[PDB]
Every structure is written in structure tokens, then in C-alpha cells.
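> To start, I am sharing the structure in question, which I have written as C-alpha cells.
Protein chains: 4
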Amino acid sequence: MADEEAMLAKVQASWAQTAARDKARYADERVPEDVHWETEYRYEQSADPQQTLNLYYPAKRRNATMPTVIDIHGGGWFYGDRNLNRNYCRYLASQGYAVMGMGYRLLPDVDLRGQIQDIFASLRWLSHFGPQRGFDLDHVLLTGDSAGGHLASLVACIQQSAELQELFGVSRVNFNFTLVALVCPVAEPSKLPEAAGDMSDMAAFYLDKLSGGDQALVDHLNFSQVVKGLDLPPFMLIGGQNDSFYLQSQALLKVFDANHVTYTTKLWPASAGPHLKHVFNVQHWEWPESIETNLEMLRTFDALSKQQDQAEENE
Amino acid sequence: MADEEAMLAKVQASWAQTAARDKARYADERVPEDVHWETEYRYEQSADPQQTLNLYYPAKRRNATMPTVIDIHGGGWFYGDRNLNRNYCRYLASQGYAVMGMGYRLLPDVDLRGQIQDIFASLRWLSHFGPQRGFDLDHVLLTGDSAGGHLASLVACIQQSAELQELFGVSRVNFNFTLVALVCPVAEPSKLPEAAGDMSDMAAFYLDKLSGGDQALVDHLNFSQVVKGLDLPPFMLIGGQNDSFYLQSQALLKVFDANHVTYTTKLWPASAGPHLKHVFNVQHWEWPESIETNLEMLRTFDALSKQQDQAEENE
Amino acid sequence: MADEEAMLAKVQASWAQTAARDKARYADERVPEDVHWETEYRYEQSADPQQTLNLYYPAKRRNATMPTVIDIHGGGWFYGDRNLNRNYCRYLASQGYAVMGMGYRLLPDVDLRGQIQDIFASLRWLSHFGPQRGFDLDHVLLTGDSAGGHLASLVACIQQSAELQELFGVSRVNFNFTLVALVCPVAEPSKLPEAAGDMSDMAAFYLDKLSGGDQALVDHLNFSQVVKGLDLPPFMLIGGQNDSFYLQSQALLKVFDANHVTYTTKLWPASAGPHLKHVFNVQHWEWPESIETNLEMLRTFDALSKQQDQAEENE
Amino acid sequence: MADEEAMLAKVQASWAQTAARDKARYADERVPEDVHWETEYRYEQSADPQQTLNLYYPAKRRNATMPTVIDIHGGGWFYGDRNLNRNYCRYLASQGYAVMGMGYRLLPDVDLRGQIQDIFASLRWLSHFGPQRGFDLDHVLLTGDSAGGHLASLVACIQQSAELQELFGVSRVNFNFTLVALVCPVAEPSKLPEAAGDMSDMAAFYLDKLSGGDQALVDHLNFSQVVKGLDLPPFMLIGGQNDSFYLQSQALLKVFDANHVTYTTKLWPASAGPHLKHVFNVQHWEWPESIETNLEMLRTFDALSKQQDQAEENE
Ligand SMILES: [Ca+2]
Ligand SMILES: [Ca+2]
Ligand SMILES: [Ca+2]
Ligand SMILES: [Ca+2]
Ligand SMILES: [Cl-]
Ligand SMILES: [Cl-]
Ligand SMILES: [Cl-]
Ligand SMILES: [Cl-]
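Chains as they are written, first to last, in our numbering: chain H, 50 to 364; chain Z, 50 to 364; chain L, 50 to 364; chain C, 50 to 364.
The following block contains the structure:
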């Protein structure tokens with residue numbers, strides 16, 4: 050279609066501009082020290098470069114196994130790879146955590162189901178291979194930023210629900226999430242039209258590529274559609290009033306309240322400054338507010354982990 | 050206009066040559082060690098990449114707060130960004146100072162007022178957010194090189210004057226400048242025609258883009274026009290007889306004398322060598338003369354700071 | 050020939066894609082620490098950049114001489130150079146070994162004989178110059194990956210056989226191989242047609258360029274053709290069921306058994322994961338399975354070396 | 050001229066190939082550790098990027114001043130800059146020496162006189178500014194490689210001769226050379242036609258551009274033409290039988306013998322290997338033969354320096 054190939058070309062130009070911004074940022078930014086990484090593991094029998102993951106660890110491990118963080122990167126479902134959030138992942142690992150971050154195939158080559166299947170395959174891989182190399186899968190923090198927060202919010206629900214597992218064509222994995230931390234999530238993509246910005250303007254096209262025309266995906270594209278009826282882990286919602294997607298965070302809180310989700314928040318006020326933009330704590334680990342946000346996340350995780358251990362007579 | 054687009058194309062080719070020279074220099078130059086930086090903070094609600102700043106600090110801080118240096122880079126008003134003077138800024142930070150350096154929009158997309166507004170917004174940002182992350186704003190060194198020295202000289206006057214604040218559309222910031230150090234400033238751009246070089250030849254075009262046709266800017270483009278009637282901080286004028294803009298420094302001294310400005314100088318004689326070119330102490334921090342110049346600046350600042358503390362019964 | 054230049058263009062496009070993958074991997078991968086290298090030694094009187102080698106050593110040597118590892122890189126006979134396996138070579142050196150890795154001219158500019166002559170010239174160079182700079186040539190591990198495993202398997206036979214030396218136009222070198230370790234070798238290239246993949250599909254073209262039309266090369270292209278009648282060193286076969294060339298490893302084992310070759314294996318099962326792809330232990334030294342594989346190789350070498358020293362009344 | 054612009058284009062293509070080889074080498078080569086450099090000093094009042102120099106020093110200085118090495122790079126008079134020999138210069142500095150290396154304008158934009166004037170201006174600069182930053186100019190080693198060895202051999206003669214100073218339009222500098230070390234020099238360019246290689250084939254064109262049509266330059270292009278009648282420092286001739294310019298070294302020895310020049314040699318035999326190519330000790334500081342060669346040079350220098358100090362009642 051004329052207009053369709055044009056719409057794709059517009060979306061790809063927006064992400065090419067982002068790409069240049071990301072490259073310029075990483076060329077200058079301080080890198081977290083005292084971390085080791087293992088790169089480019091295939092998580093299935095495929096040569097698709099996106100179906101790969103990275104693992105990150107502190108350079109000196111206190112213990113043979115460390116609590117796990119699993120990161121799902123953002124980029125509007127159309128952009129990104131396992132290296133995009135490398136500095137944020139190194140930061141978390143430097144705090145004493147075993148961290149995994151995966152690639153997933155991008156729209157428009159797959160739809161939302163292909164993305165969810167890729168993520169569940171990376172989790173399944175980790176359930177087989179993680180413990181032997183340092184991952185404690187009894188204590189798992191699942192986190193995602195922006196479109197990655199959308200995906201993380203869906204994965205958290207799918208993991209609890211046999212029906213959603215069938216619809217998305219995945220099996221449950223043999224570990225649970227201790228905490229699910231969403232950073233400026235786009236968890237209600239059907240509301241994208243009522244805000245301003247590039248994604249919101251192009252919204253119907255994003256929604257179409259996410260669903261791939263499958264009405265079952267249309268009916269399960271939003272957290273508010275997959276949350277119903279499930280007993281979920283606790284959530285932590287991170288962001289702020291200077292997030293260009295703040296309306297999404299406001300919408301998500303209402304979904305949380307209506308569904309009796311257990312959550313805490315770290316939402317920065319506008320008064321804390323204009324620099325606390327969309328996903329600032331992921332893009333600039335080194336800023337003081339980013340350190341405060343990220344440590345607050347890890348401390349929430351640790352508190353939930355400790356409670357679980359007391360509960361399981363394993364303190 | 051035919052000739053106007055041609056004149057712009059000539060100026061941009063000169064700065065593209067400079068750009069290549071700067072890239073080649075930074076690829077080789079020693080980098081100051083033992084410094085941390087925090088990059089790419091937006092200082093207002095904008096995605097304009099120029100409306101961002103960097104912060105620099107010693108890697109090991111003696112104290113929770115350190116005296117402040119705020120750097121305004123040069124580049125003829127048409128060139129540069131927050132990274133241009135990164136090695137010079139790291140050097141100063143390595144001496145035990147909290148340093149901020151800002152981007153500002155470039156001609157011909159803005160005029161002088163837009164540049165001044167950007168600088169005051171970065172200062173305002175720092176007044177809100179700096180102290181919480183290490184900046185002592187009771188002791189502030191404002192410095193600029195070349196066109197950045199012009200801008201610094203204007204900002205120093207505007208900060209003291211309600212009338213100039215109104216004309217430039219800025220509010221005063223809630224800290225003062227302890228010392229204003231100008232390195233090979235172009236503080237009297239209306240005199241650009243009486244010297245030789247690329248900028249001088251293209252002078253009327255520079256002056257036009259600086260004023261943006263606004264006669265109030267034409268009447269306040271030169272330090273000699275904004276200095277009148279104000280009680281100013283002390284100045285330090287750095288440069289030398291091998292500065293291609295030495296005539297500007299000579300002109301500025303006469304303005305200083307006529308207006309009873311408090312100043313000291315560090316002007317290198319021709320006998321100290323041909324390498325002590327325009328802004329040499331900013332471009333090559335590592336040279337012995339650069340270290341001597343830069344430490345002499347920091348020691349002048351420290352002496353003025355100590356006197357202020359004695360005066361304020363806070364030694 | 051129309052079709053011939055087309056077939057070459059297809060092979061070169063496949064290797065250009067590999068090349069990009071290799072560059073992306075090396076840009077991110079951790080580098081082994083505590084190693085020194087000496088680069089770009091010519092091993093004959095030639096300015097052909099491929100007729101050069103690198104040497105690698107631990108940064109702090111326990112001893113004046115260290116046991117030797119000699120690495121022959123892969124790349125389908127059409128691709129690669131002395132830098133391709135640099136991280137794998139550094140890893141081995143970091144374990145206390147003096148390592149040499151050579152370039153060799155590539156198809157279609159030479160044929161298999163030119164490749165074998167280049168390798169023997171690098172070995173001859175090392176026999177003249179290695180000991181003076183740290184190589185213990187009484188204990189030598191010869192290793193190759195993929196096409197490099199093919200080449201290593203042939204070199205091991207040629208070194209033992211006056212007749213093959215004459216056919217390949219090389220002289221024996223004045224040291225022996227303690228162990229020959231093949232990593233996912235393509236040691237039976239004539240069987241390439243009975244598997245799937247790029248190389249297998251283009252097989253007849255690979256075989257033609259390897260032989261250069263020389264029927265004596267056609268009759269000695271496969272390990273099974275050069276193994277006959279010789280007393281060989283011990284071999285170690287490394288790979289696994291997720292190697293895209295696993296059928297080659299299966300074929301080689303049958304050749305080993307039929308010819309009473311002394312060997313051990315380190316073949317990973319499919320259950321050990323999809324990431325244990327072709328030559329994974331060479332491409333990602335840092336992974337735990339790679340470390341286990343590579344140390345197991347070095348320990349086999351060390352055990353064979355110790356036995357030799359006991360046998361030679363030199364323990 | 051048609052043929053002249055063609056000949057220049059051929060020479061520039063040869064040097065562009067060399068340039069790529071040099072870039073590939075520096076991307077991989079180990080860099081000497083524990084050195085500081087100061088870059089891009091202009092040595093005259095010019096913005097010509099070639100009329101600049103670098104200074105190199107050990108990172109921790111034993112003493113306030115260190116013996117001096119001054120390096121003149123090669124590149125056929127048509128190629129190179131102050132960064133070309135940076136690793137070799139760092140190596141020498143790491144041994145406890147203050148090292149200067151200069152750019153000089155390249156053929157065909159200047160002729161030999163312009164090159165000699167640039168070199169003498171860098172020496173004059175150092176005589177004014179070197180001691181204040183660590184250079185001991187009582188003990189000076191002058192070294193050059195290939196075309197840089199030609200230039201060094203001429204500079205050594207010119208410095209001793211009022212007549213050659215007048216012809217080349219330079220003044221003597223206020224220090225002497227303790228030793229002049231030539232590495233694979235092309236000191237008799239008029240003999241270039243009787244060897245093989247790119248430079249030799251294009252020889253008449255090189256000779257024309259060197260002389261710039263000036264018959265006084267034609268009569269003083271060769272060391273054998275400037276050596277006559279002068280009392281010279283001692284020389285050290287470095288190279289070997291695998292230098293593609295070995296015939297030049299053989300020719301120079303005959304000139305040395307005929308003119309009663311004081312010299313020593315470090316000429317490697319062919320038996321020491323094919324890797325000991327033209328200027329190998331400059332291109333690969335890290336090789337054992339390079340370290341041996343370079344330390345032997347520095348020890349010869351030190352011995353000559355000590356003798357001078359005993360002679361001057363200053364031990
Ligand atoms: Ca544990
Ligand atoms: Ca303080
Ligand atoms: Ca030994
Ligand atoms: Ca001394
Ligand atoms: Cl790492
Ligand atoms: Cl940093
Ligand atoms: Cl190294
Ligand atoms: Cl340095």
C-alpha cells in the first residue's frame with residue numbers, strides 16, 4: 050500500500066533520529082565500572098540477531114549466586130536491541146545483581162505475539178542456564194522501560210494465566226517475579242491518541258502493527274485487558290510529571306486501583322526539574338536522581354525478597 | 050537572498066574546517082584523569098539538543114560541596130556545543146571544583162537574545178539543582194573563551210541590571226559571580242572590522258545575525274554598551290600577544306579602565322612563543338603554560354572567595 | 050565465466066555479512082586482560098598482508114619460555130586474517146601460554162596448496178624465532194576452528210609424511226605437535242553436500258577453488274585422504290550437537306575410529322543449549338562453557354606434555 | 050602538465066595505500082604505557098597544521114630535566130605528520146627521555162629547502178621552550194627514519210656549516226647533537242634508480258620535487274654532498290639486510306668511510322629473519338628486536354653523553 054509504506058517510512062525516520070541521539074549519548078556517557086558482561090547468547094536455535102541476550106555481573110561476586118534482574122528494553126516496539134540499555138544494566142549489576150537483557154524481534158517483521166514469544170524464550174533460556182552461571186531465580190526483578198514497560202506488564206500477567214499463555218503461544222517459566230518495575234511504561238497503547246507527540250500522532254499505525262490484524266491481540270494489547278482476575282506480583286511504577294508519557298502512568302494507576310494491584314511508586318514531581326524526562330534513569334544512570342531511583346527500586350526488590358525468605362523459613 | 054545564503058555557506062565552511070581540527074585534536078589529546086561527569090541534562094522543557102548541559106567533578110570529593118566554575122564555550126556564535134570544552138572543564142574539575150558547561154542555540158537559528166536566554170536558563174537550572182549534587186553557589190567563577198568570553202562579559206552585566214534583564218528577557222539568578230574570567234574574548238564585536246582574519250572579514254554578517262535586526266540588541270552587542278553604570282564583580286583577562294584576537298583584549302582593557310572595572314590580567318608576551326595562540330589554555334590543558342594560566346585563574350578565584358568568607362564572618 | 054563470477058559474488062556477500070557480525074561482536078565483547086601481543090610479523094619476504102602473524106603472551110611470565118599454542122583461524126577458506134581470533138588467542142595466552150596465530154592467503158587468489166604453504170612458513174618462522182622470545186617448542190598445541198580445523202588436521206598429517214610434504218611443496222618443521230585440537234572442524238569438505246547451509250549449497254564451488262583443478266589436491270582435500278598410514282599425534286575434537294557442522298564432527302569420528310587415531314572429545318549435547326553454536330568457544334571466550342572447553346583443552350595438552358617429560362627423563 | 054599530474058597521482062596512490070597500512074597497524078598495536086604527551090604546539094606563527102610538534106615524557110620523571118631525543122619521521126617526503134611515529138616516540142620517552150617530534154610541510158607543496166626550514170624552526174622552538182618543560186639540551190639525540198633519516202643526515206651537516214645554513218636559509222640553533230641515529234636512511238636519493246621498488250621507479254620525479262628546480266638544492270640533495278669538510282657528531286646506522294633500502298645503507302657506509310665520519314652500526318643480518326623489514330624498529334616498538342635496537346641506540350647516546358660530561362668536568 051502507498052500510504053502504509055509511507056507511514057512505515059515516517060516511523061523509521063523518527064527512530065533513526067532517536068538512534069543517532071542514543072549513539073551520541075553512549076559515546077560520551079560514563080560507563081559503570083567493576084562489571085563483567087557475557088554477550089550475544091542465542092536463546093533459541095536461530096541466527097536472527099535479535100533472538101540473543103546479554104548477561105551482566107559485578108566483577109567481584111560476594112556470592113556464587115546473586116538475585117536476578119531481567120530487563121526488557123524500550124524503543125516503541127520498532128527499535129532497539131540487547132545493547133540499548135547496556136549502561137543501565139551494568140549499573141544494576143554493579144550493585145550485586147545478576148542481570149539479563151534480551152533482544153526481541155521488532156515491528157513490523159513480527160507482531161506483539163512474536164515479541165512476547167521472544168521474551169518468554171529468553172526467560173526459558175535463563176531458567177535452564179542461569180543458575181549454573183550465577184543467577185538466583187528465587188528472587189527475580191522484572192523491569193522494562195516505555196514499550197519495554199508495556200511488554201513487561203503483559204509478561205507479568207501472561208506468566209500467571211493459562212488462558213493468556215495459550216493465546217500468546219507460550220508456556221509458563223519455572224520461576225516467578227518478585228517485583229515488576231515499570232519505568233515510564235506505555236502500558237495502555239489504545240490511549241496513545243489522547244496525548245501529543247510522534248507515537249501518539251502515528252498511534253493507529255502502531256496499534257495495527259502490534260495486533261497484526263489478530264483480534265485476539267487487539268483484545269489483549271493493554272494491561273487493563275490482561276490484568277483481569279489474576280493474582281499478580283507487586284508492581285513499582287517509576288516516572289514523573291516531566292515524562293512525555295506521564296498520561297500513561299496516570300492511566301495505569303487507575304487500572305492498578307480498579308484491579309487491586311499491590312504497588313508502590315517513585316514518580317518525580319515537575320518541581321524536581323525538566324531534566325527528569327522520559328526514561329531518564331535508564332538513559333543516564335550516573336545522575337543523582339537516577340541513582341536514587343534505581344537504588345530505591347533495588348531496595349524495594351530486596352525488601353520483598355527478604356519477606357519471601359522469612360515466609361519460607363529460609364532467612 | 051542569494052548573497053545571504055552564500056555568506057552563511059562561507060561561514061559554515063570555515064566552522065566545518067574548525068570542527069575537523071577540533072575532532073583531530075580531541076582524538077589525540079591526553080584527557081585529564083580522576084574526574085567524573087554527568088551529561089546531557091536538559092535545562093528546560095525542550096528536546097533542542099543544544100539546551101542541555103554537562104556537570105564535571107573530581108572523582109574523589111574532599112567535601113560535599115565544592116566551589117563552582119561555569120563555562121561558556123566559544124565558536125563564533127555559530128559553532129560548538131556542551132562537549133566542545135570538555136577537556137578544559139575536566140581539568141578544572143580535577144583541581145577540586147564543581148563545573149558546569151552549557152550548550153546554547155547557535156546563529157543563525159537564534160540571535161544574541163536567544164543565546165543569552167539559554168545561558169540564563171542553564172544558570173537558573175543550576176541554582177535549583179546544583180547544590181543538592183555538589184555545587185557551592187556562594188563561590189562562583191564564570192568563564193568564557195572567545196565568543197564565549199563575549200557572552201560571559203554580557204551575562205555578568207545583565208545579572209546586575211534590572212533594565213538589561215528586561216531588554217534580554219531574563220530574570221536574575223539567585224547567586225552572584227565571584228570572578229569573571231575571559232579568555233581571548235571578542236567582547237567588542239563592533240570593532241571586528243579593524244583586524245584581519247575570517248571573522249573580521251565577514252564581520253557585518255556576524256553582527257547582523259547577532260542583532261537579528263533588533264536595534265535594542267545593536268545597542269547592547271558590546272561590553273562597552275552594557276558595562277555603563279553598574280557595580281560589577283572583578284574580572285580576569287587572559288590571552289596574549291599571539292592571540293589572533295589580541296586587539297579585542299587591548300580594546301577591552303580600555304573599556305575596563307574607562308569604567309573603573311576591577312581586574313587582573315594574565316596576558317602572555319610574544320616572546321613566550323608562537324604556540325600561545327587564541328584560546329590555547331582551553332584547547333590544550335596539558336601544556337605547562339596552560340596549567341600555569343588555569344591554576345592562576347583558580348587561585349585568583351580562591352583568593353576572592355576567601356576574602357568574601359572573611360568579610361562574611363564565615364572563614 | 051558469467052556463472053563463476055556470480056558464484057564468487059554470492060560467496061563474498063555471505064562472508065561480508067559474517068564480517069559485519071564479527072565486527073559488531075568484537076566491538077562489544079569483553080577482552081581478556083593481562084596479556085601482551087606483538088603484531089604484524091612478516092613470516093616470509095613478502096608484502097602480502099596475509100603472510101603475517103601475531104604473537105600473544107601473558108603480561109607477567111612465570112617462566113622465560115612457556116608451552117606453545119599455534120592457532121589456525123577459520124572463515125571458509127575465503128575469509129579472515131591474523132586478527133580474527135584475537136580474543137580467543139589472548140584468552141589462551143592469559144593462562145600461561147605463548148601463542149602464535151597466522152594469516153594465510155585466501156581463496157580464490159590461492160588454492161589449498163598456497164594456504165598450506167603459508168601455514169608451514171609461519172611454523173618454520175616460529176621454529177627459527179620463537180624460542181628466543183618465549184616459545185617452548187617441545188610442547189606444542191596445534192588448534193584450528195572450522196576451515197581452520199580442516200587446515201590444522203591436514204598440517205598434522207603433512208608434518209608426519211615425506212610424500213605429503215612433496216605433494217604440498219613444504220618441508221617438515223623442526224618440532225612436533227603434542228596435541229591437535231579441532232574445534233567444529235570441516236575436515237571432510239567432500240561431504241559438504243549432504244548437510245544444509247550456505248557452504249553446503251555452494252559446495253562444489255568451494256571444492257573447486259580448494260583444489261585449483263589440481264587432481265593431486267582433489268585426492269588429498271579430506272582428512273580421510275591424508276590420514277592413511279601415519280603415526281599421528283593425539284587429537285581432541287571439540288564441538289557439539291548445536292554446531293551447524295555437527296555432521297562433519299560425526300564423519301570425522303568415524304575416520305578417527307577406522308584409522309586408529311588417538312583422540313578425546315568435548316562434544317556438547319543439545320540439552321546444553323542453543324547458544325553452543327558453531328565455534329562458540331572461539332567467538333565468546335568469556336562464556337562459562339567456553340572457559341570450561343578451553344581450559345579442558347589446555348589441561349589435556351598439559352597432561353600430554355607432562356607424560357612426554359616423564360618419558361624423556363625431564364620431569 | 051598531463052604526465053606530471055599523472056605522476057603525482059601515482060605517488061599519492063602509493064602513499065594512500067601506506068596510510069591505510071599505518072592506520073590498520075596503529076589500531077591494533079600495543080601502546081607504550083607510562084608516558085605523557087603534549088600535542089599540537091605551533092612552532093611558528095602559522096596555521097599550517099604541519100608546522101606543529103608533539104612532546105613526549107615518562108609519566109613519572111626521575112629528574113626535572115631529561116636527555117633529549119628529537120625525531121624526524123619518514124614517508125618519502127610526500128607523506129606523514131607529527132603523529133606518524135607516536136608509538137616509537139612514546140617508547141623512547143618511557144625509557145626516561147624528553148622527546149620531540151615535528152611535522153614538516155610535504156612535497157610537492159614545498160621543496161627540500163621548505164622541509165629543512167620547518168625542521169630547523171622546530172629545533173629553534175625547542176631551544177627557546179624545551180628546557181623550561183624538561184628538555185636537557187646539553188645531551189641531544191637526533192634520529193630519523195627513511196626520508197626522515199635523509200633529512201636528519203642533512204640537518205646534522207647544516208648545523209655545523211655557515212655556508213649550508215646560508216644556502217638552506219636557516220640559522221644554527223644553540224645546541225649540538227650528541228649522536229645522530231639514522232634508521233634505514235635514504236641518504237643518497239640520487240642513487241634511488243639502481244634499486245627496485247615504488248620510490249626507485251619514480252625516482253626522477255622524487256628528485257625533481259625535492260630540488261624544486263633549484264640547482265643549489267640539486268648540488269646538496271645527498272649526504273655525500275653536504276658532508277664534505279665538516280667536523281660532525283658521531284652517527285649510528287640502523288637497519289639490515291632485509292631493509293628494502295639496504296643498498297642505501299651500503300652506499301652511506303662508503304660515504305662515511307671516505308669522509309672519516311665517526312660511526313657505529315646496528316645492521317641486522319638476513320638470517321635474523323624476514324620480519325626485520327624497512328624501519329621495523331620504528332613501526333613495532335614492542336617486538337624483542339626493536340627493543341634491543343632502540344635500547345642499543347639509547348645506550349650509545351648515554352655513553353657519548355657520559356663521556357661529554359667527564360670531558361666537561363661535570364660528571
Ligand atoms: Ca545466592
Ligand atoms: Ca563546601
Ligand atoms: Ca619453559
Ligand atoms: Ca637533568
Ligand atoms: Cl566486560
Ligand atoms: Cl566520567
Ligand atoms: Cl597488548
Ligand atoms: Cl598521554
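Quick reminder that beta carbons are idealized off the backbone N, C-alpha and C, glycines included.
(1) Let me see if you follow: with CB-CB separation under 8 Å, is L/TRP336 close to chain H or not?
(2) Between H/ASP77 and chain Z, is any beta-carbon pair separated by less than 8 Å?
(3) Anything in the stretch 172 to 193 of chain L with a Cβ closer than 8 Å to a Cβ of chain C? List those residues in chain order, please.
(4) So, at 7 Å on beta carbons, what are the nonlocal neighbours of Z/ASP247 in its own chain, with the 5 sequence-adjacent residues on each side left out?
(5) DSSP on Z/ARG221, reduced to helix/strand/coil?
(6) For H/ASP292, does the three-state DSSP call read helix, strand or coil?
(7) Thinking C-beta only, is H/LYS258 closer than 8 Å to residue 447 of chain H?
(8) On the DSSP bridge assignment, give the partners of L/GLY125 in chain order.
(9) Using only alpha-carbon positions, find the residue among Z/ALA211, Z/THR227, Z/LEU228 and Z/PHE226 that is nearest to Z/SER220.
(10) Interface residues of chain L around C/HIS327 at Cβ under 7 Å?
(11) In this structure, what does DSSP give as the bridge partners for Z/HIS85?
(12) Between the stretch 340 to 358 of chain H and the stretch 109 to 121 of chain Z, can you find at least three pairs of beta-carbon atoms closer than 8 Å?
(13) With a 10 Å radius around its C-beta and 16 neighbouring C-beta atoms as the bar for buried, classify C/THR311 as buried or exposed.
(14) For ligand 7, is there any heavy atom lying closer than 7 Å to the beta carbon of Z/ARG173?
(15) What residue from C/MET149, C/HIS333 and C/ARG348 has the CA that sits closest to C/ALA76's CA?
(16) Measuring alpha carbon to alpha carbon, tell me which residue in Z/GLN290, Z/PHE329, Z/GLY262 and Z/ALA300 is nearest Z/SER320.
(17) For the alpha helix (DSSP H) containing L/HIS177, name the first residue and the last one.
(18) Cutting at 8 Å between CB atoms, please list the residues of its own chain near Z/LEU270, excluding the five before and the five after it.
(19) Could you give the DSSP three-state label for L/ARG91: helix, strand or coil?
(20) Would the stretch 321 to 329 of chain H and the stretch 124 to 131 of chain H be scored as touching if the rule is three or more Cβ pairs under 8 Å?
(21) Helix, strand or coil: which one does DSSP assign to L/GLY322?
(22) Please check the pair Z/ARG139 and Z/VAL80, which I expect to be a contact at CB under 8 Å, by giving their CB distance rounded to whole angstroms.
(23) On the criterion of 16 or more Cβ atoms from any shown chain inside 10 Å, does Z/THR314 qualify as buried, or is it exposed?
(24) Taking just the CA atoms, how far does Z/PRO157 sit from Z/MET56?
(25) Tell me the DSSP secondary structure of Z/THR227 in three-state form.
(26) Mind listing, in chain order, the residues whose beta carbon lies closer than 7 Å to a non-hydrogen atom of ligand 6?
(27) If we define contact as Cβ-Cβ less than 8 Å, is C/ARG74 a contact residue for chain L?
(28) Can you tell me whether L/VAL148 is helix, strand or coil according to DSSP?
(29) Does ligand 2 have a heavy atom nearer than 7 Å to the CB of Z/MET115?
(30) Chain L partners of residue 379 of chain C, CB-CB under 9 Å?
(31) Classify Z/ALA205: buried if its beta carbon has 16 or more other beta carbons within 10 angstroms, exposed otherwise.
(32) For L/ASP292, is the classification buried or exposed, using 16 other Cβ atoms within 10 angstroms of its Cβ as the cut-off for buried?
(33) Using a C-beta cutoff of 8 Å, does L/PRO323 count as contacting chain H?
(34) In chain order, which beta strand (DSSP E) runs of at least 3 residues are fully inside the stretch 244 to 319 of chain Z?
(35) Taking H/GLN357 as the reference, which of H/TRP174, H/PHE169, H/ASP187 and H/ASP120 has the closest Cα?
(36) Checking 8 Å against the spacing of the C-beta atoms, do C/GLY152 and C/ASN134 come in under that value?
Here's the rundown:
(1) yes
(2) yes
(3) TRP174, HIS177, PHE178, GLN181 and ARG182
(4) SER63
(5) coil
(6) coil
(7) Past the boundaries of the shown model lies residue 447 of chain H; chain H is included only from 50 to 364, so the question cannot be answered.
(8) Paired residues: none, contrary to the question.
(9) Z/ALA211
(10) Correct list: empty, because the minimum Cβ distance to chain L is about 10 Å.
(11) Z/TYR106
(12) no
(13) exposed
(14) no
(15) C/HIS333
(16) Z/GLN290
(17) 161 to 178
(18) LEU161, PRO238, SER239, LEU256, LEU259 and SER260
(19) strand
(20) no
(21) coil
(22) 7 Å
(23) exposed
(24) 12 Å
(25) coil
(26) H/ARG79, Z/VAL84, Z/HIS85 and Z/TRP86
(27) yes
(28) strand
(29) yes
(30) With chain C running from 50 to 364 in the structure shown, residue 379 of chain C is simply not present.
(31) buried
(32) buried
(33) yes
(34) 284 to 289 and 312 to 317
(35) H/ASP187
(36) no
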